[PDB]
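Reviewing the structure listed below.
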Amino acid sequence: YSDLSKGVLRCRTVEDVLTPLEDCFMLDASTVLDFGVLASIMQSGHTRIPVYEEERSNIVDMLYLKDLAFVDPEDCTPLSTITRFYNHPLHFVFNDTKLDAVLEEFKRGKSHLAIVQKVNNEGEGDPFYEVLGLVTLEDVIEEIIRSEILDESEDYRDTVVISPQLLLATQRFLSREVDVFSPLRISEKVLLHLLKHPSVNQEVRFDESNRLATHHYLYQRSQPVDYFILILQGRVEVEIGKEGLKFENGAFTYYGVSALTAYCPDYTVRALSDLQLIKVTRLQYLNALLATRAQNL
Amino acid sequence: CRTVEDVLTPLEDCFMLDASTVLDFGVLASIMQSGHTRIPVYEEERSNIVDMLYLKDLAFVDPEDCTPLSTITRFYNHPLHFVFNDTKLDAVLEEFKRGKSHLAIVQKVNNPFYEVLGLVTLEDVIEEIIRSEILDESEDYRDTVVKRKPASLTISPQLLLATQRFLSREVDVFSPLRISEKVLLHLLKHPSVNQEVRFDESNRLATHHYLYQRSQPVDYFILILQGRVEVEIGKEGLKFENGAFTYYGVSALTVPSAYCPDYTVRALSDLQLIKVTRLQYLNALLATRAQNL
């Protein structure tokens, strides 16, 4: 009987949990559903997305994620033609209405998201309803759990402390093929500068006597790592997976991208010859991003 | 939505700290990354919880002090909250409220002994209660129903699991955050995904030997399981030979912060590979999002 959990929230209104309209995830009905939009929508984590038409506050329809099933980007179908196809309801709620009412509203007409409205009597003539955000069940549950019995543990945030031409080719390859080096994150100028930096361009001397010298290992499996490596010239032996599948890789095969976005690889890379490579630590990546966001503005 | 047992989380999946644990730098970083306001402290075995550690008590500890958790816990002495598995949700909510504890440790009988099942947090109970009685009709899937007119228009499981793990751990677009391990494995098990290519030895440059042609649109990802290929990179045409576990066309699946490669891949042998179209990726994203978690 959740009627008990309903007795300790009758003093809270929507204002407490309201997420303001400016901070709400929405879609302009005129959006075109290409791969980018579809991927970003399906990854946003929302199953229910409002759709407005002109101003951000003129919500008209609602998009369920399943509405997008069987939708091909090639068709470049607009979101309007998907929402004007289905007939999903818009659940409304008032600025001042209590939370038990909001919950029995989510129940009646199954939903987890309601358009919070407030009346505007300031003005001669008839009044109007001014949308001022959304109320989502996540926030209501959070408020109930925080205000039923509160713990003074708001301390979450406790903090505890090679040929220049081939390098240009590498810059172009990375900008066009690897995402973390996309021009949107690191300008092509800054990336070119990074790849030609001495602390990035590295070489390895292969002691043939100690054929398995510790310095021949660019990556060691299940061992913390902090850098990205692309092989410019030479050959390496890669041992992949728990099984230890051994392959031989050469130039233009990059490793450890997840180290820039702890991270421990799923493989071990060892040097088989004299190597020319480019190593990029996470800190170097952060400084490149900072420089790029300073350059843009 | 009946008893504690139905919503608790098991000892296996819980985060705790040993009582003799030194509070070095690593433990502090680990806890702060876990983001848990409560950490149990077991005496000898995890099944035996002896103390409770509130995050409030652990904020201002100096990593350089290398204090032992014993000092913190014994200084704050936070009482414990036990409970059985048969107790309903309303009873445990009243227990949490009248008591001053945010979580309890559940006890069932494996008979004769009281085995600790796990920890029930108030978050879990409130979640279950004010979630199980309000559904969202957008999380159910009735898309089998055809609403618009219908137009009339394999290999070793061991290395396959290895491929799934490799992609999940190394390539981002296949990260578990985007495609669940189940859905990714299911995708790798598929005729149009697991593909082979036959190398016409007479016409070494057959149009079908070209998986990617530089500056020519493509819309799919390829990882090489078996065979050899020639990669011609850049306007310069740097030619290299690549083999197994060298993936291509990742940018066709990523969404930035209309894809043409910076290279041309040609087949040199009979190829066994994994092909992933943009539509296949989008349907994988939906499929993973169908499973609530």
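In the structure tokens, chains take letters A, B, ... by order of appearance, with residues numbered from 1 within each chain and ligands from 1 in the order shown.
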Surrounding residues of stretch 17-31 of chain A excluding itself and chain neighbours under 5 positions, 9 Å, only C-alpha atoms, as a compact mmCIF listing (two decimals) with N, CA, C and O atoms, in the first residue's frame:
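Now in part08.txt:
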```
# COMPACT_ATOMS: atom_id res chain seq x y z
N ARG A 12 4.42 19.15 -0.74
CA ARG A 12 5.34 19.58 -1.78
C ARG A 12 4.57 19.83 -3.07
O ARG A 12 3.68 19.06 -3.43
N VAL A 37 20.88 12.69 -35.82
CA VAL A 37 19.75 13.00 -34.95
C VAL A 37 19.22 11.73 -34.31
O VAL A 37 18.95 11.68 -33.11
N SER A 44 20.21 9.71 -25.93
CA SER A 44 19.93 10.72 -24.92
C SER A 44 19.45 10.10 -23.62
O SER A 44 19.61 10.70 -22.55
N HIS A 46 16.22 9.42 -23.03
CA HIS A 46 14.80 9.72 -22.86
C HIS A 46 13.96 8.78 -23.72
O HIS A 46 14.29 8.51 -24.88
N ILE A 49 9.93 12.45 -25.49
CA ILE A 49 10.58 13.69 -25.85
C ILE A 49 9.54 14.67 -26.37
O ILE A 49 8.85 14.37 -27.35
N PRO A 50 9.38 15.85 -25.78
CA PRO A 50 8.43 16.82 -26.32
C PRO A 50 8.86 17.34 -27.68
O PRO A 50 10.04 17.35 -28.03
N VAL A 51 7.87 17.78 -28.45
CA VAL A 51 8.10 18.32 -29.79
C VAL A 51 7.36 19.65 -29.88
O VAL A 51 6.14 19.70 -29.71
N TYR A 52 8.10 20.72 -30.16
CA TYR A 52 7.53 22.04 -30.37
C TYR A 52 7.62 22.39 -31.85
O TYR A 52 8.24 21.68 -32.65
N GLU A 53 7.00 23.51 -32.22
CA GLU A 53 6.83 23.86 -33.62
C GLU A 53 7.57 25.13 -34.02
O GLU A 53 8.34 25.11 -34.99
N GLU A 54 7.37 26.23 -33.29
CA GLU A 54 8.04 27.49 -33.62
C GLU A 54 8.87 27.96 -32.44
O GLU A 54 10.09 27.76 -32.42
N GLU A 55 8.23 28.60 -31.47
CA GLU A 55 8.91 28.91 -30.23
C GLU A 55 9.14 27.63 -29.43
O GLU A 55 8.44 26.63 -29.59
N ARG A 56 10.15 27.67 -28.56
CA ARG A 56 10.49 26.50 -27.78
C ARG A 56 9.34 26.07 -26.87
O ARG A 56 9.29 24.90 -26.47
N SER A 57 8.42 26.98 -26.55
CA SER A 57 7.36 26.71 -25.59
C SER A 57 6.05 26.31 -26.23
O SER A 57 5.06 26.12 -25.52
N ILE A 59 4.87 23.46 -27.38
CA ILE A 59 4.81 22.01 -27.48
C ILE A 59 3.48 21.63 -28.12
O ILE A 59 2.43 22.20 -27.80
N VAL A 60 3.52 20.65 -29.02
CA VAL A 60 2.32 20.26 -29.74
C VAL A 60 2.14 18.75 -29.68
O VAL A 60 1.00 18.26 -29.57
N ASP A 61 3.23 17.99 -29.75
CA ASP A 61 3.16 16.54 -29.76
C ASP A 61 4.29 15.96 -28.93
O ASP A 61 5.16 16.67 -28.41
N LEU A 63 7.09 12.51 -28.67
CA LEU A 63 7.79 11.46 -29.40
C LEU A 63 8.17 10.35 -28.43
O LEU A 63 8.93 10.58 -27.49
N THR A 77 13.47 11.58 -43.31
CA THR A 77 12.10 11.90 -42.93
C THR A 77 12.12 12.92 -41.79
O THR A 77 12.86 12.74 -40.82
N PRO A 78 11.33 13.99 -41.87
CA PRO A 78 11.30 14.95 -40.76
C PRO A 78 10.56 14.39 -39.56
O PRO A 78 9.72 13.49 -39.68
N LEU A 79 10.88 14.93 -38.39
CA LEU A 79 10.22 14.50 -37.17
C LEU A 79 8.73 14.82 -37.20
O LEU A 79 7.93 14.12 -36.57
N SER A 80 8.35 15.88 -37.92
CA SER A 80 6.95 16.24 -38.03
C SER A 80 6.13 15.08 -38.59
O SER A 80 5.08 14.72 -38.04
N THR A 81 6.61 14.47 -39.67
CA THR A 81 5.86 13.38 -40.30
C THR A 81 5.81 12.14 -39.42
O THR A 81 4.98 11.26 -39.68
N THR A 83 5.60 12.48 -35.87
CA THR A 83 4.68 12.84 -34.79
C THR A 83 3.26 13.03 -35.31
O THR A 83 2.29 12.69 -34.62
N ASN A 95 1.85 24.49 -12.04
CA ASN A 95 2.92 25.04 -11.21
C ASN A 95 2.75 24.70 -9.74
O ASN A 95 3.71 24.35 -9.06
N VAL A 116 4.52 21.26 -17.12
CA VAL A 116 4.10 22.09 -16.00
C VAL A 116 3.66 23.45 -16.54
O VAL A 116 4.43 24.14 -17.21
N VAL A 131 3.40 27.82 -20.51
CA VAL A 131 4.27 26.69 -20.19
C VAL A 131 5.55 27.22 -19.56
O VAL A 131 6.13 28.20 -20.03
N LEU A 132 5.99 26.57 -18.48
CA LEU A 132 7.21 27.01 -17.82
C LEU A 132 8.13 25.84 -17.43
O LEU A 132 8.98 26.01 -16.55
N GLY A 133 8.00 24.69 -18.08
CA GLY A 133 8.95 23.62 -17.91
C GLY A 133 8.26 22.27 -17.86
O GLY A 133 7.07 22.14 -18.16
N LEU A 134 9.03 21.25 -17.48
CA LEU A 134 8.54 19.89 -17.35
C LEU A 134 8.76 19.39 -15.94
O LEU A 134 9.61 19.89 -15.20
N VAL A 135 7.97 18.39 -15.55
CA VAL A 135 8.14 17.67 -14.30
C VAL A 135 8.30 16.20 -14.64
O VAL A 135 7.42 15.62 -15.30
N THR A 136 9.40 15.61 -14.22
CA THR A 136 9.72 14.23 -14.54
C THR A 136 9.72 13.39 -13.27
O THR A 136 10.14 13.84 -12.21
N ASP A 139 12.73 13.21 -10.81
CA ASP A 139 12.89 14.28 -9.82
C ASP A 139 11.93 14.12 -8.66
O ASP A 139 12.28 14.44 -7.52
N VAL A 140 10.72 13.61 -8.91
CA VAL A 140 9.76 13.44 -7.82
C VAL A 140 10.22 12.34 -6.88
O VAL A 140 10.16 12.49 -5.65
N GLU A 142 13.29 11.44 -6.45
CA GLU A 142 14.46 11.98 -5.77
C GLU A 142 14.05 12.87 -4.60
O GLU A 142 14.61 12.77 -3.50
N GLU A 143 13.07 13.75 -4.82
CA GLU A 143 12.60 14.61 -3.74
C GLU A 143 12.02 13.79 -2.60
O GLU A 143 12.27 14.08 -1.42
```
For this session: Considering only C-alpha atoms, extract the chain A residues located within 6 Å of chain B and return them as a ChimeraX atom specification.
Result: /A:36,64,107,110-112,153,173,177,241
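For stretch 97-162 of chain A, a DSSP pass over the backbone yields strand (DSSP E or B) at residues 98, 113, 114, 115, 116, 117, 118, 119, 120, 128, 129, 130, 131, 132, 133, 134, 135 and 136 of chain A.
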For this session: Quick one: pull the distance between atom CA of residue B:70 and atom CA of residue B:116, Å, one decimal.
Result: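 Atom-to-atom, atom CA of residue B:70 to atom CA of residue B:116, that is 22.6 Å.
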For this session: For each of B:104, B:187, B:80, B:52, take the minimum atom-to-atom distance to residue B:280, counting only C-alpha atoms, then give the residue where this is smallest.
Result: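 Residue with the minimum atom-to-atom distance to residue B:280: B:187.
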Out of stretch 3-246 of chain B, which residues get alpha helix (DSSP H) from DSSP, as an mmCIF file with N, CA, C and O atoms, in the first residue's frame?
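Result file is part05.cif:
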```cif
data_model
loop_
_atom_site.group_PDB
_atom_site.id
_atom_site.type_symbol
_atom_site.label_atom_id
_atom_site.label_comp_id
_atom_site.auth_asym_id
_atom_site.auth_seq_id
_atom_site.Cartn_x
_atom_site.Cartn_y
_atom_site.Cartn_z
ATOM 1 N N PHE B 25 45.522 6.613 -0.291
ATOM 2 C CA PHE B 25 44.953 7.459 -1.335
ATOM 3 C C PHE B 25 44.001 6.674 -2.230
ATOM 4 O O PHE B 25 42.951 7.188 -2.646
ATOM 5 N N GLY B 26 44.356 5.426 -2.538
ATOM 6 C CA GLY B 26 43.559 4.646 -3.469
ATOM 7 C C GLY B 26 42.145 4.415 -2.976
ATOM 8 O O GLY B 26 41.182 4.552 -3.734
ATOM 9 N N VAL B 27 42.000 4.044 -1.702
ATOM 10 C CA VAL B 27 40.670 3.789 -1.153
ATOM 11 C C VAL B 27 39.818 5.048 -1.229
ATOM 12 O O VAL B 27 38.626 4.991 -1.552
ATOM 13 N N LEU B 28 40.413 6.201 -0.924
ATOM 14 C CA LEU B 28 39.668 7.455 -0.959
ATOM 15 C C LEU B 28 39.188 7.762 -2.370
ATOM 16 O O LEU B 28 38.008 8.074 -2.587
ATOM 17 N N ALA B 29 40.098 7.692 -3.346
ATOM 18 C CA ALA B 29 39.692 7.901 -4.731
ATOM 19 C C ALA B 29 38.589 6.927 -5.127
ATOM 20 O O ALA B 29 37.596 7.320 -5.755
ATOM 21 N N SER B 30 38.738 5.655 -4.751
ATOM 22 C CA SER B 30 37.764 4.636 -5.121
ATOM 23 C C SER B 30 36.387 4.962 -4.557
ATOM 24 O O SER B 30 35.380 4.909 -5.273
ATOM 25 N N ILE B 31 36.324 5.293 -3.266
ATOM 26 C CA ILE B 31 35.042 5.611 -2.645
ATOM 27 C C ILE B 31 34.414 6.817 -3.329
ATOM 28 O O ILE B 31 33.238 6.789 -3.719
ATOM 29 N N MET B 32 35.183 7.897 -3.491
ATOM 30 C CA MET B 32 34.615 9.090 -4.109
ATOM 31 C C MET B 32 34.115 8.805 -5.518
ATOM 32 O O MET B 32 33.129 9.408 -5.959
ATOM 33 N N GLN B 33 34.765 7.888 -6.238
ATOM 34 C CA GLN B 33 34.266 7.515 -7.557
ATOM 35 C C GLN B 33 33.018 6.645 -7.460
ATOM 36 O O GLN B 33 32.173 6.676 -8.361
ATOM 37 N N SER B 34 32.885 5.868 -6.383
ATOM 38 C CA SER B 34 31.703 5.026 -6.223
ATOM 39 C C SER B 34 30.453 5.860 -5.977
ATOM 40 O O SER B 34 29.360 5.481 -6.413
ATOM 41 N N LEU B 69 40.951 2.985 8.854
ATOM 42 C CA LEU B 69 39.497 3.103 8.921
ATOM 43 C C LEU B 69 38.967 2.787 10.314
ATOM 44 O O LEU B 69 37.893 3.267 10.698
ATOM 45 N N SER B 70 39.701 1.974 11.077
ATOM 46 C CA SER B 70 39.302 1.675 12.446
ATOM 47 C C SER B 70 39.086 2.955 13.241
ATOM 48 O O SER B 70 38.089 3.094 13.956
ATOM 49 N N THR B 71 40.013 3.907 13.128
ATOM 50 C CA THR B 71 39.896 5.148 13.890
ATOM 51 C C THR B 71 38.628 5.907 13.519
ATOM 52 O O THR B 71 37.858 6.311 14.397
ATOM 53 N N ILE B 72 38.392 6.107 12.219
ATOM 54 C CA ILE B 72 37.203 6.835 11.770
ATOM 55 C C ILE B 72 35.944 6.165 12.308
ATOM 56 O O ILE B 72 35.114 6.792 12.984
ATOM 57 N N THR B 73 35.781 4.875 12.000
ATOM 58 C CA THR B 73 34.560 4.169 12.376
ATOM 59 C C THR B 73 34.361 4.174 13.886
ATOM 60 O O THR B 73 33.280 4.520 14.378
ATOM 61 N N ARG B 74 35.393 3.799 14.646
ATOM 62 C CA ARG B 74 35.276 3.755 16.097
ATOM 63 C C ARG B 74 35.067 5.137 16.698
ATOM 64 O O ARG B 74 34.545 5.238 17.813
ATOM 65 N N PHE B 75 35.464 6.201 15.997
ATOM 66 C CA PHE B 75 35.200 7.541 16.501
ATOM 67 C C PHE B 75 33.749 7.935 16.283
ATOM 68 O O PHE B 75 33.119 8.512 17.177
ATOM 69 N N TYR B 76 33.196 7.633 15.110
ATOM 70 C CA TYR B 76 31.825 8.043 14.839
ATOM 71 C C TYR B 76 30.796 7.026 15.314
ATOM 72 O O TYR B 76 29.666 7.414 15.633
ATOM 73 N N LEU B 89 7.386 -4.076 2.215
ATOM 74 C CA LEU B 89 8.021 -2.798 1.913
ATOM 75 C C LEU B 89 7.540 -1.692 2.842
ATOM 76 O O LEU B 89 8.337 -0.851 3.268
ATOM 77 N N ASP B 90 6.244 -1.666 3.163
ATOM 78 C CA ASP B 90 5.736 -0.630 4.055
ATOM 79 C C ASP B 90 6.346 -0.759 5.446
ATOM 80 O O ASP B 90 6.690 0.248 6.081
ATOM 81 N N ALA B 91 6.491 -1.994 5.933
ATOM 82 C CA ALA B 91 7.106 -2.205 7.238
ATOM 83 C C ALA B 91 8.534 -1.677 7.260
ATOM 84 O O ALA B 91 8.947 -1.021 8.224
ATOM 85 N N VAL B 92 9.299 -1.933 6.196
ATOM 86 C CA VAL B 92 10.680 -1.467 6.156
ATOM 87 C C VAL B 92 10.742 0.039 5.964
ATOM 88 O O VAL B 92 11.685 0.688 6.428
ATOM 89 N N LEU B 93 9.760 0.629 5.286
ATOM 90 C CA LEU B 93 9.735 2.081 5.188
ATOM 91 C C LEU B 93 9.503 2.703 6.555
ATOM 92 O O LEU B 93 10.187 3.664 6.933
ATOM 93 N N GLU B 94 8.554 2.159 7.320
ATOM 94 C CA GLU B 94 8.351 2.636 8.684
ATOM 95 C C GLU B 94 9.598 2.410 9.529
ATOM 96 O O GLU B 94 9.937 3.235 10.384
ATOM 97 N N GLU B 95 10.294 1.296 9.304
ATOM 98 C CA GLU B 95 11.527 1.028 10.037
ATOM 99 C C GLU B 95 12.578 2.091 9.734
ATOM 100 O O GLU B 95 13.181 2.665 10.647
ATOM 101 N N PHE B 96 12.811 2.362 8.449
ATOM 102 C CA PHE B 96 13.746 3.413 8.061
ATOM 103 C C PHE B 96 13.361 4.751 8.675
ATOM 104 O O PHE B 96 14.229 5.505 9.131
ATOM 105 N N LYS B 97 12.066 5.070 8.683
ATOM 106 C CA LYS B 97 11.627 6.393 9.120
ATOM 107 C C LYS B 97 11.762 6.551 10.630
ATOM 108 O O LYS B 97 12.424 7.476 11.113
ATOM 109 N N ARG B 98 11.132 5.658 11.397
ATOM 110 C CA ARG B 98 11.210 5.755 12.852
ATOM 111 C C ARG B 98 12.644 5.579 13.335
ATOM 112 O O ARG B 98 13.113 6.332 14.198
ATOM 113 N N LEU B 122 16.920 2.714 1.305
ATOM 114 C CA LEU B 122 15.632 3.392 1.200
ATOM 115 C C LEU B 122 15.360 3.809 -0.236
ATOM 116 O O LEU B 122 14.213 3.776 -0.697
ATOM 117 N N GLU B 123 16.404 4.235 -0.949
ATOM 118 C CA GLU B 123 16.254 4.544 -2.364
ATOM 119 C C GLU B 123 15.567 3.398 -3.090
ATOM 120 O O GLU B 123 14.615 3.610 -3.845
ATOM 121 N N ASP B 124 16.031 2.168 -2.859
ATOM 122 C CA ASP B 124 15.452 1.011 -3.533
ATOM 123 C C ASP B 124 13.969 0.876 -3.215
ATOM 124 O O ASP B 124 13.149 0.634 -4.109
ATOM 125 N N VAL B 125 13.606 1.021 -1.940
ATOM 126 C CA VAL B 125 12.225 0.789 -1.529
ATOM 127 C C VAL B 125 11.308 1.851 -2.121
ATOM 128 O O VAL B 125 10.253 1.537 -2.686
ATOM 129 N N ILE B 126 11.683 3.125 -1.985
ATOM 130 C CA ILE B 126 10.869 4.190 -2.564
ATOM 131 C C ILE B 126 10.772 4.012 -4.072
ATOM 132 O O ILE B 126 9.695 4.166 -4.665
ATOM 133 N N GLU B 127 11.892 3.697 -4.723
ATOM 134 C CA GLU B 127 11.875 3.430 -6.153
ATOM 135 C C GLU B 127 10.813 2.394 -6.485
ATOM 136 O O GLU B 127 9.884 2.657 -7.253
ATOM 137 N N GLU B 128 10.937 1.202 -5.899
ATOM 138 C CA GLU B 128 9.997 0.129 -6.192
ATOM 139 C C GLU B 128 8.560 0.580 -5.972
ATOM 140 O O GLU B 128 7.689 0.355 -6.819
ATOM 141 N N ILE B 129 8.294 1.240 -4.844
ATOM 142 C CA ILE B 129 6.917 1.580 -4.499
ATOM 143 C C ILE B 129 6.346 2.576 -5.503
ATOM 144 O O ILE B 129 5.387 2.273 -6.219
ATOM 145 N N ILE B 130 6.928 3.774 -5.579
ATOM 146 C CA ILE B 130 6.352 4.816 -6.429
ATOM 147 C C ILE B 130 6.878 4.688 -7.852
ATOM 148 O O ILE B 130 6.925 5.675 -8.592
ATOM 149 N N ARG B 131 7.287 3.484 -8.241
ATOM 150 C CA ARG B 131 7.541 3.176 -9.642
ATOM 151 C C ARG B 131 6.675 2.044 -10.163
ATOM 152 O O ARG B 131 6.212 2.101 -11.304
ATOM 153 N N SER B 132 6.443 1.009 -9.354
ATOM 154 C CA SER B 132 5.709 -0.159 -9.818
ATOM 155 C C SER B 132 4.243 0.134 -10.094
ATOM 156 O O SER B 132 3.579 -0.696 -10.723
ATOM 157 N N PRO B 157 32.714 -19.788 -31.559
ATOM 158 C CA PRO B 157 32.184 -18.945 -30.477
ATOM 159 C C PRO B 157 33.260 -18.336 -29.598
ATOM 160 O O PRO B 157 33.053 -17.241 -29.062
ATOM 161 N N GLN B 158 34.403 -19.005 -29.426
ATOM 162 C CA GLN B 158 35.433 -18.481 -28.536
ATOM 163 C C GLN B 158 35.996 -17.163 -29.055
ATOM 164 O O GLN B 158 35.977 -16.141 -28.356
ATOM 165 N N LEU B 159 36.479 -17.154 -30.300
ATOM 166 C CA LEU B 159 36.975 -15.903 -30.856
ATOM 167 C C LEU B 159 35.849 -14.913 -31.105
ATOM 168 O O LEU B 159 36.109 -13.710 -31.165
ATOM 169 N N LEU B 160 34.603 -15.374 -31.228
ATOM 170 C CA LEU B 160 33.497 -14.432 -31.368
ATOM 171 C C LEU B 160 33.276 -13.664 -30.071
ATOM 172 O O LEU B 160 33.140 -12.435 -30.081
ATOM 173 N N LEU B 161 33.228 -14.373 -28.941
ATOM 174 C CA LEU B 161 33.175 -13.689 -27.655
ATOM 175 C C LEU B 161 34.388 -12.787 -27.482
ATOM 176 O O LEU B 161 34.273 -11.678 -26.947
ATOM 177 N N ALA B 162 35.564 -13.253 -27.909
ATOM 178 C CA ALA B 162 36.753 -12.409 -27.835
ATOM 179 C C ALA B 162 36.561 -11.126 -28.636
ATOM 180 O O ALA B 162 36.969 -10.048 -28.197
ATOM 181 N N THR B 163 35.939 -11.225 -29.813
ATOM 182 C CA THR B 163 35.657 -10.041 -30.619
ATOM 183 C C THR B 163 34.699 -9.102 -29.899
ATOM 184 O O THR B 163 34.901 -7.883 -29.880
ATOM 185 N N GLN B 164 33.637 -9.654 -29.314
ATOM 186 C CA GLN B 164 32.680 -8.827 -28.590
ATOM 187 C C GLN B 164 33.365 -8.088 -27.448
ATOM 188 O O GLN B 164 33.174 -6.879 -27.267
ATOM 189 N N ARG B 165 34.178 -8.805 -26.669
ATOM 190 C CA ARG B 165 34.892 -8.182 -25.561
ATOM 191 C C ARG B 165 35.868 -7.124 -26.061
ATOM 192 O O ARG B 165 35.961 -6.033 -25.487
ATOM 193 N N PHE B 166 36.609 -7.435 -27.127
ATOM 194 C CA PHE B 166 37.564 -6.486 -27.686
ATOM 195 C C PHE B 166 36.870 -5.197 -28.108
ATOM 196 O O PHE B 166 37.328 -4.097 -27.782
ATOM 197 N N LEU B 167 35.756 -5.314 -28.833
ATOM 198 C CA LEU B 167 35.034 -4.121 -29.266
ATOM 199 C C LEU B 167 34.475 -3.351 -28.077
ATOM 200 O O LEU B 167 34.579 -2.120 -28.023
ATOM 201 N N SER B 168 33.865 -4.053 -27.119
ATOM 202 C CA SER B 168 33.308 -3.377 -25.952
ATOM 203 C C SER B 168 34.383 -2.625 -25.177
ATOM 204 O O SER B 168 34.128 -1.539 -24.641
ATOM 205 N N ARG B 169 35.590 -3.187 -25.098
ATOM 206 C CA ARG B 169 36.652 -2.599 -24.292
ATOM 207 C C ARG B 169 37.496 -1.567 -25.035
ATOM 208 O O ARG B 169 38.132 -0.733 -24.378
ATOM 209 N N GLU B 170 37.533 -1.596 -26.367
ATOM 210 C CA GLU B 170 38.478 -0.769 -27.115
ATOM 211 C C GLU B 170 37.830 0.230 -28.060
ATOM 212 O O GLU B 170 38.317 1.358 -28.175
ATOM 213 N N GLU B 181 26.127 -5.554 -23.844
ATOM 214 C CA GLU B 181 26.934 -6.703 -24.236
ATOM 215 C C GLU B 181 26.069 -7.768 -24.894
ATOM 216 O O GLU B 181 26.485 -8.406 -25.870
ATOM 217 N N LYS B 182 24.850 -7.956 -24.386
ATOM 218 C CA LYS B 182 23.925 -8.912 -24.988
ATOM 219 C C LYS B 182 23.598 -8.530 -26.426
ATOM 220 O O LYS B 182 23.694 -9.360 -27.339
ATOM 221 N N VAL B 183 23.194 -7.277 -26.646
ATOM 222 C CA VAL B 183 22.800 -6.846 -27.985
ATOM 223 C C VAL B 183 23.992 -6.879 -28.932
ATOM 224 O O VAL B 183 23.857 -7.244 -30.105
ATOM 225 N N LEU B 184 25.174 -6.500 -28.445
ATOM 226 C CA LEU B 184 26.363 -6.540 -29.290
ATOM 227 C C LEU B 184 26.680 -7.970 -29.706
ATOM 228 O O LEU B 184 26.942 -8.249 -30.884
ATOM 229 N N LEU B 185 26.657 -8.894 -28.742
ATOM 230 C CA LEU B 185 26.874 -10.300 -29.059
ATOM 231 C C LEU B 185 25.853 -10.799 -30.072
ATOM 232 O O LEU B 185 26.204 -11.503 -31.025
ATOM 233 N N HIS B 186 24.581 -10.441 -29.882
ATOM 234 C CA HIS B 186 23.546 -10.863 -30.820
ATOM 235 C C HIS B 186 23.819 -10.313 -32.215
ATOM 236 O O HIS B 186 23.607 -11.005 -33.217
ATOM 237 N N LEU B 187 24.290 -9.066 -32.298
ATOM 238 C CA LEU B 187 24.588 -8.475 -33.600
ATOM 239 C C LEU B 187 25.735 -9.213 -34.275
ATOM 240 O O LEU B 187 25.686 -9.473 -35.483
ATOM 241 N N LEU B 188 26.776 -9.560 -33.516
ATOM 242 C CA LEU B 188 27.897 -10.277 -34.115
ATOM 243 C C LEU B 188 27.460 -11.651 -34.609
ATOM 244 O O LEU B 188 28.068 -12.203 -35.535
#
```
Exercise. Which one is closest to residue B:203: B:120, B:277, B:268, B:48? Count only C-alpha atoms.
Worked result: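 Looking only at the distances to residue B:203, the closest residue turns out to be B:268.
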